[PDB]
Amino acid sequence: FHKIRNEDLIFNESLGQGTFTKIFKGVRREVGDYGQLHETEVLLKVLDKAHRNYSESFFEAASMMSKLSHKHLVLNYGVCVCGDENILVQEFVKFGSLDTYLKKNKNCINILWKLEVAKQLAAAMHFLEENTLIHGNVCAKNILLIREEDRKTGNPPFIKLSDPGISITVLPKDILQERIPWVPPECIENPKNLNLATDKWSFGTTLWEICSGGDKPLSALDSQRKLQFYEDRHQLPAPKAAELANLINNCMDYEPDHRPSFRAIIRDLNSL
């Protein structure tokens, strides 16, 4: 990663928290193309100092994805590791993460918006699958909205997939259980089962979020009951707007080997 000096970064408002992290809007002073000086809006993602022992996984999350370049993958500018900080410096996305956007905007998101977003997520995942790169934490909180839909110019919304954060292969068991039903059953059984098929299951859970106005699937279940949901082999209820329910359930297959390729997922979306 490119190294960015702390002197060149200004922290502004908090934008929320992730697992062992806090996110802020900020500004980076930099020399850009043609030698022009810029003050660039950035997302600053800060590893909690109490959890500095996760720093390798925290950065590994950003690194492997940054090794590929793609229009639907978030841009990482660099890292700041001055002093006692562990900071990832990422492009600032104007409309934020999709979980929040969906909850705020339930009433004006229709089936065509959901389908376009699903197709774009599936394109990003097909790119990862073709490169045999595991993401490991597909969820609406890790989808960023670059551009809102504009009917008045026929313009679709445009999303990017952000980094997965610290890997489920190193996280505490109780955090994994709280992340059911994004973490697939085989990874609850053994987090080293993380595989390309993991991302197909989580993609189904993410489609359910997209279809459910920002609701969290199984939120009313505590961790014990989320575990038993897997033990009993349940599927999620169909969203009220159920156009994608079959695809969600086909992706959320308890047999990892039976989960469909992202090419087949795309063909299915294109058929609707």
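Sequential numbering from 1, following the sequence displayed. Under this definition, the rigid core comprises the largest set of C-alpha atoms superposing within 1.5 Å between the forms.
Taken in 4 other deposited structures of this protein and fitted on the core, 169-177 and 101-109 differ in how far their Cα atoms move from the shown form, and the one that moves more is 101-109. For the pair 122-130 and 100-108, the mean Cα B-factor is higher in 100-108.
Of the two segments examined, 147-155 and 168-176, it is 147-155 that shows the higher average Cα temperature factor in the deposited entry. Taking the PDB entry at face value, the top CA B factor among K216, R29, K49, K226 belongs to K49. Of the candidates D84, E186, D163, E91, the deposited coordinates give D84 the top C-alpha B factor. In this PDB entry, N137 carries a Cα temperature factor that places it within the lowest third of its chain's modelled residues. Ranked against the other modelled residues of its chain, the C-alpha B-factor of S63 as given in the entry falls in the highest third.
Ranked by C-alpha B-factor against the other modelled residues of its chain, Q17 falls in the highest third. Remark: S202 belongs to the lowest third of its chain, ranked by C-alpha B-factor as recorded.
Ranked against the other modelled residues of its chain, the C-alpha B-factor of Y54 as given in the entry falls in the highest third.
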